Amino acid sequence: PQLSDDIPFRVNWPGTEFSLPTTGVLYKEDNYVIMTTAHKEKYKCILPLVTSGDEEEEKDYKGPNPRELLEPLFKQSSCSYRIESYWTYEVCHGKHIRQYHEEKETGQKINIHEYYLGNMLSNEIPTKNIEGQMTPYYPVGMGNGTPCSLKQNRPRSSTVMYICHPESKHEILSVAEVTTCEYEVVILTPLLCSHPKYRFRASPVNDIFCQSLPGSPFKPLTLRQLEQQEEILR
Amino acid sequence: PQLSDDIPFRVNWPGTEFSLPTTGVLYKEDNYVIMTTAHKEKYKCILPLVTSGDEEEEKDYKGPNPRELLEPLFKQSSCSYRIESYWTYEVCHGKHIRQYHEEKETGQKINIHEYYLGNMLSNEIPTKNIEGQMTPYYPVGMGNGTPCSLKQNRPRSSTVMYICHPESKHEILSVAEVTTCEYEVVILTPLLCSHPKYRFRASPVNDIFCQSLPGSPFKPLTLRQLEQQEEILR
Amino acid sequence: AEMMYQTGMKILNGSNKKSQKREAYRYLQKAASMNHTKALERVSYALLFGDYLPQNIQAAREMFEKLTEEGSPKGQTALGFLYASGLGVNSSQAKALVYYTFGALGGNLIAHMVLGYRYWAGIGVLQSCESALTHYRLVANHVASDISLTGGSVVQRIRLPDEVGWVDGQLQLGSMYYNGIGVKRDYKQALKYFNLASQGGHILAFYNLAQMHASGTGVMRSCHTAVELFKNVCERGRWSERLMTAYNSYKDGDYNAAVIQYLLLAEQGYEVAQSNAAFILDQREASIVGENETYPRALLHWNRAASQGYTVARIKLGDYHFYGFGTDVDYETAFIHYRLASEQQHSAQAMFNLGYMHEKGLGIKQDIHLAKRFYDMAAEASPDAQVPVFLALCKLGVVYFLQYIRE
Amino acid sequence: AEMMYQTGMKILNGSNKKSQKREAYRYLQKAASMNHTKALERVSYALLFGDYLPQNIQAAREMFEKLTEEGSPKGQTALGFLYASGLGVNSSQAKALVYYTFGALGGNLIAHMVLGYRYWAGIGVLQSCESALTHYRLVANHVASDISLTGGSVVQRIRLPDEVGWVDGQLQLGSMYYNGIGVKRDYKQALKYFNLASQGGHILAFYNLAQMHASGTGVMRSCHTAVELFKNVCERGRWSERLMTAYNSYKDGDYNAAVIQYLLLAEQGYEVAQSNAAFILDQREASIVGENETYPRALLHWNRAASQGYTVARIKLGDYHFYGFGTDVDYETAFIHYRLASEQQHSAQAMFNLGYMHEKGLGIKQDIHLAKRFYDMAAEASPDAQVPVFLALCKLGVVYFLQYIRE
Amino acid sequence: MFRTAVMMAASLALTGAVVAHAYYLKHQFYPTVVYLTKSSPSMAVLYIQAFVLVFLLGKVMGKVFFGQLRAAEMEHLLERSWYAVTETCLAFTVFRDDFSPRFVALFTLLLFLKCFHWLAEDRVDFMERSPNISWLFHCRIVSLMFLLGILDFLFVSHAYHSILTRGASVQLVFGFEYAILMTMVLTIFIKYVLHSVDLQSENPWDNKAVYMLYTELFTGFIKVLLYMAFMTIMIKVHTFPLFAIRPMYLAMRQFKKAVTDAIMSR
Amino acid sequence: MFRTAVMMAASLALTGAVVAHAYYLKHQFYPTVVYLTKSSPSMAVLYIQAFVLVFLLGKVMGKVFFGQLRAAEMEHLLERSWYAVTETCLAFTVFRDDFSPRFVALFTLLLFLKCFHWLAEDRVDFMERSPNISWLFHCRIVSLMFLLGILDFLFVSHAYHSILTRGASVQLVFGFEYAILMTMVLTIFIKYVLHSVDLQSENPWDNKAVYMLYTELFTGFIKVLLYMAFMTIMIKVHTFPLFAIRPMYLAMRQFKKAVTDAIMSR
Ligand SMILES: *[C@@H]1O[C@H](CO)[C@@H](O[C@@H]2O[C@H](CO)[C@@H](O[C@H]3O[C@H](CO[C@H]4O[C@H](CO[C@H]5O[C@H](CO)[C@@H](O)[C@H](O)[C@@H]5O)[C@@H](O)[C@H](O[C@H]5O[C@H](CO)[C@@H](O)[C@H](O)[C@@H]5O)[C@@H]4O)[C@@H](O[C@H]4O[C@H](CO)[C@@H](O)[C@H](O)[C@@H]4O)[C@H](O)[C@@H]3O)[C@H](O)[C@H]2NC(C)=O)[C@H](O)[C@H]1NC(C)=O
Ligand SMILES: *[C@@H]1O[C@H](CO)[C@@H](O[C@@H]2O[C@H](CO)[C@@H](O[C@H]3O[C@H](CO[C@H]4O[C@H](CO[C@H]5O[C@H](CO)[C@@H](O)[C@H](O)[C@@H]5O)[C@@H](O)[C@H](O[C@H]5O[C@H](CO)[C@@H](O)[C@H](O)[C@@H]5O)[C@@H]4O)[C@@H](O[C@H]4O[C@H](CO)[C@@H](O)[C@H](O)[C@@H]4O)[C@H](O)[C@@H]3O)[C@H](O)[C@H]2NC(C)=O)[C@H](O)[C@H]1NC(C)=O
Ligand SMILES: *[C@@H]1O[C@H](CO)[C@@H](O)[C@H](O)[C@H]1NC(C)=O
Ligand SMILES: *[C@@H]1O[C@H](CO)[C@@H](O)[C@H](O)[C@H]1NC(C)=O
Ligand SMILES: *[C@@H]1O[C@H](CO)[C@@H](O)[C@H](O)[C@H]1NC(C)=O
Ligand SMILES: *[C@@H]1O[C@H](CO)[C@@H](O)[C@H](O)[C@H]1NC(C)=O
């Protein structure tokens, strides 16, 4: 029950002559159930022990350092911006963070209230959060922005937050501030998802195997079929 | 302009060799107009003098007296009734007028408040303004109804008003009172419309004949394609 | 000549300014001197109509005659309107119809609406729904085509005697139900689906039920519903904007151009434009008509406005026979028009003046206790009759008490 | 045996009285002793549900087992609900899915909605819209069929944390536009006409756009709009009446049958029934669940109610991490759920408690002038935040003034 | 007297100018009276002529029931009346009853009767200290005793059947206020009973003061009970009075000046 | 003093009971305060506590600004304050401004300042006939003069910029009443100027009475002008006041008692 909406499951039908795997999740010979379908087909569905512990995935990476992946993003100078209710944040990856809003005068003039939040002149990857859950990141922290009146004319500082997303097109989840005139930017990119320590973390899947009892086939007399029925609409 | 929405007119096309009728409405040779259609067609359309006076229709009637026409209505005992906002008038032709209204009690009883307005134990036909129009009528006056408290226990009296209508099915235009507890009923019937002095009066139609000038045929080139078009549509 | 008419239409369609509209017509008025047969018919309808060119009725009659001798539908129509209304010329209903027939023949649409309306209310001719079906049909085809193009320009309906998507798809669905799109046609059930589309207010549905009640499909073809469904389609043409040209003349102080721009639509068969064209003639603000032909002409347009179902036009037809406006005084005739606005339209005033003719013995024989009913009935019909019945009932009981003392 | 079941259904369909409904089940409960496989499934859903038979959860578990060994779809479905909710039996999500799969296989519709919802919100399995497309369809075909027959029985949506014709013809017109009735089919323009029919509130149109976004017709087939359009169809079945059976139990004082008749619909994937089944567990009125499994089970159903777009379920997920309800106290985790209800749903309270964690230095580093923004932002968002910001801003300036004096 | 006839004529000149304005606009009977009703200045002048008419009826009713005002109660009406004009005005507008010209006419009937009870109190107060009172005074004031108490009994009877048949409306506060006025004619009776047995005997009576203090204790207890029940009702139904706390503080002070003085005496 | 502390404690006990009842229901800050604002008895008890607080602040301000009440102006305050609270209540309820707990506070601020102007009235009226007055009295009353005049100038400025910027609302009547109160502090200045040049010379001055009568005529003219403009505004905009005709009759009588007496004298 404790955070139980994060544990994935999958039912399989390996059949009569099947041996449970000794690698991955643990299994027992007592936690079996005797099953019966609507057309009187008998099955014996074993279930694994719900642990999914440790990180023994043989984590190996002979590839580049995480610094090198964002270099093609820096040189191409293709950088996006975000709208809000009032403001407009334009992070430029590898140049600056620019926050501005246009004041449209009555017919002729456009006034700009602009600020500068930064400029380009360890065995554990830190993890922030992201919508409650968990994600390790790459931090890129800068300063030397426009002076801030609240900090007695100190320049603003900003850290760039990098998290990976497969369908991303370099947009922003949200812009936020941890203190006054010092702001945090999160950036979606598809580059870091190839990195094993930086990819989006998915819990291992515990496999539920259903052993077919005699008098019942490899898969139930309603399974296969119904599945392929929609296979029509595939 | 004075009551001008009661004078009927009709345009005819009698053609080139036509003589205006000397019987009916009067005519003059000066009140002609020269006409021209869209396809350059010349017509001379004459008009009559709008008098339509007198009643020289050779009024002859060797048929029965108006008393005899309502006798088949009396013996058949097929008599109607009328609804209102509250009341309900049931005139029975040749028996009585009955005015009553049912009081529906909560579930079981029905109470009747009934009254009786009558019971059956001259060279000029009189006329009454009917919606401002001139209709001569047959009056059938009768009394000895229920006593009326306002007239110090005098029985009510009523006159039956007969006016003819071709599509009538023995209904009532309206029920009205000229004085307290003495009421007037009008009845639609189709029997009196055969009587020449009792039929629905229609004004004689003044005829607009119009003659076809040379270079133009008997009827205009923009006319006959339209009466056949509605004939197809019917 | 023809080059002058192009400049006027360019500035008319390009500039909505009042001065620019008058400046555009300066070439059009000059082109009328060249007898360009298209040029006069746009200034004929300004010389006699107003709110464009200055109003001059006698300046338009003689040049309408050459439009008639040429054979113009727009000249045959309007010269009939002059003799129907007796406007600047001695009145004659005899050849008012003759000009309207040739305008209806000539292809004009105004001369078909009026000829249809005259055949429908029985004005000037015999009331024949068959003839009123034919002429009202030609207008409906020539207005149902343009609304699908112009989008249905709606115009407000203003009565001077009172002051001074969701259903669009239902029309195509109901059209497929009667015709048959993938299903067998059923005229018994397609009638109810098509008739419910007209309750939304769209007049495309108003057309389609008129043909339904014409040929006899679905429901038996009755005359009364044949043309009344047709008529409300015809009352929303591009001439429906002409209330605004007339109503703006009333608010601008040009009262004599709100009695000519309203008398055409009164002739065209409206009730918003038949009370208002009589209310202006009621108060003698018009000056083309004489001071002796002001009430009989306002009686004619109060009479047509009553038969088309107006409450005030049935009370105000009682007044004109009550005092003697334009008619010798008739308490019996005025009596009926007061009750006809009581039982039918439930007009609250119309039983109060029923009490007065009951209480004071006008028209019929006097009865004191019969009059008490209608004053009491007046207070039930409206909230505003509570006061002027109470001061009438108190006066009523004073006579009853004083008569009892003398006995 | 079978003769006893006929008497119960006759009095159930014939009498709506509460005593007569219980009197009808007396033969049904006696017929359950005869092991008539149709008889138990109408009393199994009363022995564990309530508001019918008396509530006794342990009395229904063992007779559900023989319903499972027989192979009943209505027994395979509910026995998975017991192990999914940990209800009277030790909780186990591992074979909760196993029972729901065979219920989904067996032809039950409840076990398809729950399996579809688990595949859609990623609860207990991987979030796969492809698998969530398959199971959510089968329900939609079996509910749109009966709704065309039953008329679409509407049920009110009651949330306890808040208190305690014209378009019908547009569906057939939009159906003919996509298919083609007398015209060439055009999937580019039939989409807009069909999608506008669903804004009227009818749910037949909700079905037809789901298939439109499924096969890729008209618009490209996107997963997010494939099942969300499907889901609102499935949330209006004959099981949509089960709120009133649960909500009447709450108003009748039987709070322990408003936490079992609501936990099924919470498992079925609602948001009216996922806040309310957690609000009852919030205040510890339930008695089947223990006193130590009352907050973690109410955290689970506050978490699912937030991800489906509820304002209060995102504030109240902040509270449970703010005080330490069912979790070790986390000011950082509670911080995020408070701002996620501020920027997204614009919940007025959710920036006020943002100020408190800004003003008093909880979770993040303290900054006095940053807190002033969110209190000020609270008063702009609602009229009711004018007061409790003003007594918060006055307290805010007292600290700022007192600190300045000490310097 | 000259300024009174001037005020009447200067009001009737406005009414005859408003009526003649409408009759020229709408030349009939029925649309004229309807036009006066809907128009704001036309009903305003008809209101002014109504108030002058009820003013002059009061002056002739005061002249027939009292021979001459003593010019010491003439002020004493003017503050109370103002008191009374404002709280009826505030009770009329708080209740959202809307401006109707038959419930305004009912409210000035309450105020007109309220002014005559107050005039009877000050006249019977000097009946204590009048050694020369004729039989005309005695009969003309017991006539005022009857005519008032029967009138408030009638309007209480009209109101408590109105609170049952129709429902909760402004007719509740009419009959309750007349019930207080029913206690008000009750007070001046007993005071007239004890001061009539005083004059017929040529000797003072000590028990008359004891009965008078007991009687004022009585009705004062009845008065606060009526006001306290009047409080408990309109919080429950409709809205907070915001009025009638004016005579209530005087009602507790009436109870304070009677019960505590009798406790100090007895 | 015991009864005042008893009343304060009996109000604070109800306020604490209401606050604890709300806090037990909605165990946080924000829903508790929102529940207090939406609930009727909770806001009623908070209103009662606010009124007791402003009562005690008024008592301490009267103690610090006047040494001791003469017990002849305490009544004058009691009747004039009843007048005033009923006029403000009726003006609040006719305007349909709706019950808001930040305009009721402004109305009691207006009533509080009106009460202090009346206390200044009666204090300078006895200062007219006081032969033994210390410099503390002079300094404290001229401090009252300033503070009051500056306050009505500030509120008149606020209300006229409000009536220019926002639009027609209750701020117009607030500014007009503060303008009348400004004329009131003007009257007492001139009266204090004349009665201070009276005391510094050990001889009576005949021209002081003429100057006092002329000043009274002056400001009476200003007052009737303000009341007439106030009328001719609110018949035009919104609705008939139905209030502020009270002090107007006293304002014309103030004009009558000054202009006619000076005409009879001069
Ligand atoms: C519908 O949409 C509308 C617009 O889209 C919404 O309307 C609101 O419109 C008003 C306009 O009157 C906006 O108010 C303010 O607008 C400007 C800009 O001020 C904003 O920015 C200030 C910047 O300060 C920070 O800047 C940096 C940000 O990165 C920081 O690093 C820095 O340290 C500093 O903190 C900001 O301060 C201010 O927020 C609040 O500030 C203080 C305390 O922080 C609070 O007490 C205030 O209450 C204020 O809310 C604004 O967000 C501002 O003009 C500025 O510039 C001119 C230049 O000449 C100066 O003259 C002027 O004095 C001022 O300094 C305005 O005066 C005004 O304050 C408001 O932001 C809009 N609201 C929203 C939500 O967008 C409308 O709300 C929408 N409807 C809805 C949502 O229902
Ligand atoms: C919606 O529909 C509703 C009903 O369909 C409408 O509701 C109204 O309902 C009330 C019921 O309270 C009706 O009021 C009266 O109903 C009865 C019947 O009384 C009627 O008949 C009386 C008969 O008197 C005449 O009778 C003969 C008629 O031929 C004459 O010859 C004879 O001389 C005599 O004159 C009639 O008098 C009365 O009309 C009026 O009478 C006097 C003066 O004539 C007026 O002062 C009155 O104001 C009255 O209006 C009625 O029309 C009545 O019951 C009678 O009988 C019982 C029997 O026990 C007696 O106890 C009782 O005392 C009385 O004598 C009722 O008491 C009541 O008076 C009213 O008619 C309905 N209104 C309409 C328009 O139908 C409702 O109005 C509709 N909504 C709308 C239109 O918006
Ligand atoms: C109209 O007719 C009358 C009478 O016949 C005549 O006097 C008048 O001159 C005619 N007017 C015109 C313009 O024809
Ligand atoms: C009618 O017309 C004549 C013109 O012959 C005119 O003099 C008269 O004033 C008009 N009116 C009346 C009432 O005769
Ligand atoms: C549930 O599991 C727990 C722990 O394994 C065990 O103690 C308990 O007896 C079980 N209960 C049932 C009904 O199986
Ligand atoms: C949890 O369960 C135990 C039973 O083992 C019970 O005694 C206890 O009260 C429950 N609650 C807590 C907080 O431990």
# chains A, B, ... in the order shown; residues from 1 in each chain; ligands from 1

$ interface_residues --of "chain F" --to "chain D" --cutoff "12 Å" --atoms "only C-alpha atoms" --output "ChimeraX atom specification"
/F:25-38,100-102

$ select_by_dssp --residues "region 206-257 of chain E" --states "helix (DSSP H, G or I)" --output "ChimeraX atom specification"
/E:206-236,246-257

$ residues_around --residues "residue 94 (chain A)" --least-positions-apart "3" --cutoff "12 Å" --atoms "only C-alpha atoms" --output "PyMOL selection string"
chain A and resi 70-80+91+97+118-121+140-142+160

$ residues_around --residues "residue 315 (chain C)" --least-positions-apart "5" --cutoff "7 Å" --atoms "only C-alpha atoms" --output "compact mmCIF listing (two decimals) with N, CA and C atoms, in the first residue's frame"
# COMPACT_ATOMS: atom_id res chain seq x y z
N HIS C 337 -65.28 46.64 -31.57
CA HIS C 337 -63.82 46.65 -31.65
C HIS C 337 -63.16 46.72 -30.28
N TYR C 338 -63.92 47.09 -29.24
CA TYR C 338 -63.36 47.10 -27.89
C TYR C 338 -63.44 45.72 -27.25
N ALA C 341 -60.90 43.15 -28.83
CA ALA C 341 -59.59 43.24 -28.21
C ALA C 341 -59.61 42.80 -26.75
N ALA C 350 -58.72 47.13 -22.84
CA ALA C 350 -59.89 46.88 -23.68
C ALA C 350 -61.10 46.36 -22.92

$ residues_near_ligand --ligand "ligand 6" --cutoff "8 Å" --atoms "only C-alpha atoms and all ligand atoms" --output "VMD selection string"
chain D and resid 290 to 293

$ residues_around --residues "residue 136 (chain A)" --least-positions-apart "3" --cutoff "7 Å" --atoms "only C-alpha atoms" --output "short mmCIF file (atom, residue, chain, number, x, y, z; two decimals) with N, CA, C and O atoms, in the first residue's frame"
data_model
loop_
_atom_site.label_atom_id
_atom_site.label_comp_id
_atom_site.auth_asym_id
_atom_site.auth_seq_id
_atom_site.Cartn_x
_atom_site.Cartn_y
_atom_site.Cartn_z
N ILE A 125 25.66 11.22 -8.65
CA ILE A 125 24.93 12.22 -9.42
C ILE A 125 23.84 12.80 -8.52
O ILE A 125 23.03 12.05 -7.97
N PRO A 126 23.80 14.12 -8.34
CA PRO A 126 22.78 14.72 -7.48
C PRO A 126 21.40 14.62 -8.08
O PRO A 126 21.22 14.63 -9.30
N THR A 127 20.40 14.53 -7.21
CA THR A 127 19.01 14.37 -7.61
C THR A 127 18.15 15.45 -6.95
O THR A 127 18.45 15.92 -5.85
N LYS A 128 17.32 16.05 -7.77
CA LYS A 128 16.52 17.13 -7.28
C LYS A 128 15.22 16.50 -6.99
O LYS A 128 15.03 15.91 -5.94
N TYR A 198 21.94 8.92 -16.34
CA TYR A 198 21.15 10.13 -16.53
C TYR A 198 19.82 9.88 -17.22
O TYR A 198 19.04 10.82 -17.39
#

$ residues_around --residues "residue 35 (chain C)" --least-positions-apart "3" --cutoff "10 Å" --atoms "only C-alpha atoms" --output "PyMOL selection string"
chain C and resi 1+30-32+38-40+63+66-67

$ write_last_selection --atoms "N, CA and C atoms" --output "short mmCIF file (atom, residue, chain, number, x, y, z; two decimals), in the first residue's frame"
data_model
loop_
_atom_site.label_atom_id
_atom_site.label_comp_id
_atom_site.auth_asym_id
_atom_site.auth_seq_id
_atom_site.Cartn_x
_atom_site.Cartn_y
_atom_site.Cartn_z
N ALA C 1 -22.43 59.65 -69.51
CA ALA C 1 -23.67 59.19 -68.90
C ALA C 1 -23.43 57.94 -68.06
N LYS C 30 -27.10 64.04 -62.09
CA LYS C 30 -26.73 64.59 -63.39
C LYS C 30 -26.92 63.56 -64.50
N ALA C 31 -26.64 62.29 -64.21
CA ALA C 31 -26.87 61.23 -65.18
C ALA C 31 -28.35 60.99 -65.44
N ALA C 32 -29.22 61.37 -64.51
CA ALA C 32 -30.66 61.29 -64.75
C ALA C 32 -31.10 62.26 -65.82
N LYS C 38 -31.10 53.16 -66.36
CA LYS C 38 -30.67 52.65 -65.07
C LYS C 38 -30.46 53.77 -64.06
N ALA C 39 -30.20 54.99 -64.53
CA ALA C 39 -29.85 56.08 -63.63
C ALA C 39 -31.06 56.64 -62.89
N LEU C 40 -32.22 56.74 -63.54
CA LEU C 40 -33.36 57.37 -62.88
C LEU C 40 -33.91 56.50 -61.76
N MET C 63 -41.32 62.03 -64.07
CA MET C 63 -40.22 61.22 -64.58
C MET C 63 -40.42 59.74 -64.28
N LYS C 66 -42.16 58.50 -67.78
CA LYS C 66 -41.26 58.04 -68.83
C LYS C 66 -40.61 56.71 -68.47
N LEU C 67 -40.46 56.42 -67.18
CA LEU C 67 -40.04 55.08 -66.77
C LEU C 67 -41.12 54.05 -67.09
#

$ interface_residues --of "chain C" --to "chain B" --cutoff "8 Å" --atoms "only C-alpha atoms" --output "NGL selection string"
:C and (68-73 or 91 or 93-95 or 97-98 or 102 or 105-106 or 122-126 or 134 or 214-215 or 296-297 or 300 or 333 or 336-337 or 364-367 or 369-370)

$ write_last_selection --atoms "C-alpha atoms" --output "mmCIF file, in the first residue's frame"
data_model
loop_
_atom_site.group_PDB
_atom_site.id
_atom_site.type_symbol
_atom_site.label_atom_id
_atom_site.label_comp_id
_atom_site.auth_asym_id
_atom_site.auth_seq_id
_atom_site.Cartn_x
_atom_site.Cartn_y
_atom_site.Cartn_z
ATOM 1 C CA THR C 68 -43.480 53.539 -67.353
ATOM 2 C CA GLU C 69 -43.509 54.353 -71.080
ATOM 3 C CA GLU C 70 -40.062 52.763 -71.319
ATOM 4 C CA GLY C 71 -41.459 49.705 -69.532
ATOM 5 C CA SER C 72 -39.384 49.585 -66.348
ATOM 6 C CA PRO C 73 -40.447 47.165 -63.578
ATOM 7 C CA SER C 91 -56.540 58.543 -55.198
ATOM 8 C CA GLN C 93 -57.743 52.048 -56.465
ATOM 9 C CA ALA C 94 -59.084 51.156 -59.929
ATOM 10 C CA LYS C 95 -55.797 51.450 -61.834
ATOM 11 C CA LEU C 97 -53.904 47.400 -59.397
ATOM 12 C CA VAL C 98 -53.273 47.811 -63.142
ATOM 13 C CA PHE C 102 -47.553 45.031 -64.925
ATOM 14 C CA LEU C 105 -45.431 40.959 -64.758
ATOM 15 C CA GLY C 106 -42.274 43.014 -65.388
ATOM 16 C CA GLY C 122 -58.641 40.781 -49.499
ATOM 17 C CA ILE C 123 -57.661 44.427 -50.026
ATOM 18 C CA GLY C 124 -58.777 45.834 -53.369
ATOM 19 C CA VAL C 125 -59.570 42.331 -54.688
ATOM 20 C CA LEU C 126 -61.329 39.137 -53.644
ATOM 21 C CA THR C 134 -48.870 32.215 -56.608
ATOM 22 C CA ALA C 214 -48.534 23.712 -50.548
ATOM 23 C CA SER C 215 -48.366 20.499 -52.589
ATOM 24 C CA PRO C 296 -59.477 58.508 -43.163
ATOM 25 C CA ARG C 297 -56.003 57.544 -44.388
ATOM 26 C CA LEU C 300 -57.262 52.609 -43.391
ATOM 27 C CA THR C 333 -69.490 50.035 -33.999
ATOM 28 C CA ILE C 336 -67.457 45.706 -30.995
ATOM 29 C CA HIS C 337 -63.820 46.648 -31.647
ATOM 30 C CA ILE C 364 -76.088 49.228 -25.567
ATOM 31 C CA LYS C 365 -78.663 49.454 -22.790
ATOM 32 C CA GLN C 366 -77.240 50.394 -19.403
ATOM 33 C CA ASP C 367 -76.697 47.864 -16.619
ATOM 34 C CA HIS C 369 -73.899 45.261 -12.282
ATOM 35 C CA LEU C 370 -72.690 44.095 -15.700
#

$ interface_residues --of "chain D" --to "chain C" --cutoff "8 Å" --atoms "only C-alpha atoms" --output "ChimeraX atom specification"
/D:166-167,169-170,172-173,181-182

$ residues_around --residues "residue 14 (chain B)" --least-positions-apart "3" --cutoff "7 Å" --atoms "only C-alpha atoms" --output "PDB file with C-alpha atoms, in the first residue's frame"
ATOM      1  CA  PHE B  18     -64.080  43.730 -77.543  1.00  0.00           C
ATOM      2  CA  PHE B 209     -60.976  44.647 -69.346  1.00  0.00           C
ATOM      3  CA  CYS B 210     -57.893  45.532 -71.285  1.00  0.00           C
ATOM      4  CA  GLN B 211     -57.420  45.771 -75.028  1.00  0.00           C
TER       5      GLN B 211
END

$ closest_atom_pairs --of "chain C" --to "ligand 3" --cutoff "8 Å" --atoms "only C-alpha atoms and all ligand atoms" --output "JSON lines"
{"residue": "C:88", "atom": "CA", "partner": "ligand 3", "partner_atom_place_in_ligand_line": "13 (C)", "distance": 7.4}
{"residue": "C:89", "atom": "CA", "partner": "ligand 3", "partner_atom_place_in_ligand_line": "13 (C)", "distance": 4.9}
{"residue": "C:90", "atom": "CA", "partner": "ligand 3", "partner_atom_place_in_ligand_line": "1 (C)", "distance": 4.2}
{"residue": "C:91", "atom": "CA", "partner": "ligand 3", "partner_atom_place_in_ligand_line": "1 (C)", "distance": 7.5}

$ interface_residues --of "chain E" --to "chain F" --cutoff "9 Å" --atoms "only C-alpha atoms" --output "MDAnalysis selection string"
chainID E and resid 82:83 86:87 89:91 93:94 242:243 246

$ closest_residue --among "B:87, B:26, B:81, B:64" --to "residue 103 (chain B)" --atoms "only C-alpha atoms"
B:87

$ residues_near_ligand --ligand "ligand 2" --cutoff "10 Å" --atoms "only C-alpha atoms and all ligand atoms" --output "JSON, numbers by chain"
{"B": [84, 85, 86, 87, 89, 98, 99, 100, 101, 103, 111, 112, 113, 114, 115, 116, 117, 146, 147, 148, 149, 150, 151, 155, 156, 157, 176, 177, 179, 180, 181, 182, 183], "C": [346, 369, 370, 371, 372, 373, 374, 375, 376, 377, 379, 380, 381, 382]}

$ select_by_dssp --residues "region 26-231 of chain A" --states "strand (DSSP E)" --output "ChimeraX atom specification"
/A:27-36,42-48,82-83,88-92,96-104,110-119,138-142,147-148,154-155,157-164,175-179,182-189,206-212

$ atom_distance --atom1 "CA of residue 162 (chain A)" --atom2 "CA of residue 62 (chain A)"
21.1 Å

$ atom_distance --atom1 "CA of residue 73 (chain F)" --atom2 "CA of residue 183 (chain F)"
21.0 Å
